[PDB]
Amino acid sequence: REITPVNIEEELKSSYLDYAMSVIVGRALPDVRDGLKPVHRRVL
DNA sequence: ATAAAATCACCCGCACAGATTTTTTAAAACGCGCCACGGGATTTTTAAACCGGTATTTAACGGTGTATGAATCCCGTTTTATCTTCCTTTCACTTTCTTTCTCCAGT
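Residues in the first sequence are numbered consecutively from 6, following the authors' numbering.
Quick look at the structure:
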């Protein structure tokens with residue numbers, strides 16, 4: 006209800022995995038077909 | 001190299017609150033002087049003590065029915081004891097400027 010217990014390990018793992026996957030797949034690595042990051046493609 | 005979140009100076013007019021800065025004014029002070037007042041030595045008069053006596057006026061005493069003084073419990077007020085601090089100060093160190101001493105190539 007208003008208060009629900011949660012273990013710290015699960016929260017840490019979920020949040021860090023989400024952040025790491027988002028950063029790896031959508032911010033820093035280029036594509037092999039056109040060699041562009043998402044920001045470059047959006048600007049163009 | 002991509003993301004998340006932040007910070008400061010000045011220009012132009014106008015109205016007002018607060019902080020210096022002259023300017024004026026009333027109190028305190030100084031010097032000189034004179035006459036109002038108090039001391040000293042006589043006259044005069046009256047306030048209060050003393051004898052009466054009488055005629056009131058007060059205070060001590062015995063019942064009822066309260067209003068308040070000491071005790072307890074709190075909370076804002078002011079004192080006092082107790083921490084940190086920025087400018088003064090020198091001072092050994094470092095840095096930076098000024099003069100001097102050679103080198104030294106050229107003729």
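In this text, a Cβ means the ideal position worked out from N, Cα and C, and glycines have one as well.
If you draw a straight line from the Cα of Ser19 to the Cα of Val28, it is about 14 Å long. The residues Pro35, in chain order, have a CB closer than 7 Å to that of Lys42 in the same chain once the five nearest residues on each side in sequence are set aside. Taking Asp39 as the centre and dropping the five residues before and after it, the same chain places the C-beta of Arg46 closer than 8 Å to its C-beta, in chain order. In chain order, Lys42 place their CB closer than 8 Å to the CB of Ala33, counting only its own chain and leaving out the 5 sequence neighbours on each side.
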